[PDB]
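Just so you know, ligand 1 is whichever comes first in the structure, and atom 1 is the first atom listed for that ligand. For this chain, numbers begin at 1 and follow the sequence in order.
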Amino acid sequence: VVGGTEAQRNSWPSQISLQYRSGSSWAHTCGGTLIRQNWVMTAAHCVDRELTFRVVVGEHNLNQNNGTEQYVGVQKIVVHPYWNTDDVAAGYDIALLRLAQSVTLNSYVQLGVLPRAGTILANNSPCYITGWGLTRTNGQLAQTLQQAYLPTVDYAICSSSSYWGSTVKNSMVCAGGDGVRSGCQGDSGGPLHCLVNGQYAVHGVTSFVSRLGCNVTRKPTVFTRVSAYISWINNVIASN
Ligand SMILES: [Ca+2]
């Protein structure tokens, strides 16, 4: 997250760190959202590589023991069947990870609330992106969870020529674009939490930013729109 502030330890208890095995240790690669005690929602492109992954819930500082982490293997990966690695702009950048064990819920580990199917936010709706991604374009991962206020940019504006044009689809949410705050590499797959009727819900799964850089004016961060996949998510969970 570029232009973020450190999240308070108990702020975003559905946020997970998706990590891959790297030699004798584990490297954060993406975010995700815990949606059942044994299911995580993340981006498809996070799991294109044939790596060994684990999920960390209750995580806050990647680099130090927080006393609150649970570490759990990924047992099954279900990518959206229409996802195509060569065409992130096509959409479908979503995947569900079934965990090897059910995690224990507490103040640091909670299920993310999902929007009702079809729900679209009015332009400039209040949202926060969270994650441990790069804190600057071509920078380094955050050690502690960051959050940035990123208000939505509605489809009409987002798909106009000076924003994302035809690259953005109505299956996506755009947020930010101020040239100061944005998602950045390592945030992918994580939540965009938006305030609706008094309650934060996870409306976005972080998907991409501009090749020109993370915080680019008129290139808001782009998220898979969770509300376009509610049936799909329910169907996968019901059949696995
Ligand atoms: Ca830690």
Handout entry: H45 and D93: side chain donor to acceptor below 3.5 Å
Key = yes
Problem - Side-chain donor-acceptor contact under 3.5 Å, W12 with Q147 - result: yes
Exercise for the section: Give a rough value, rounded to 10 degrees, for the angle at the Ca ion (ligand 1) between atoms OE1 of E59 and OE2 of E69. Expected result: 100°
Practice task
For the atoms O of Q64 and ND2 of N66, give the angle they form at the Ca ion (ligand 1), rounded to 10 degrees.
Solution key: 90°
Problem - Contact check: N61 to the Ca ion (ligand 1), N/O/S below 3.0 Å - result: yes
Exercise for the section: Take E59 and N66 through the side chain to side chain donor-acceptor pair (under 3.5 Å) test and state the conclusion after the steps. Expected result: CA-CA 7 Å; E59 174 62 285; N66 282 297; 2.7 Å; yes
Handout entry: Centroid separation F223 to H203 less than 6.0 Å
Key = no
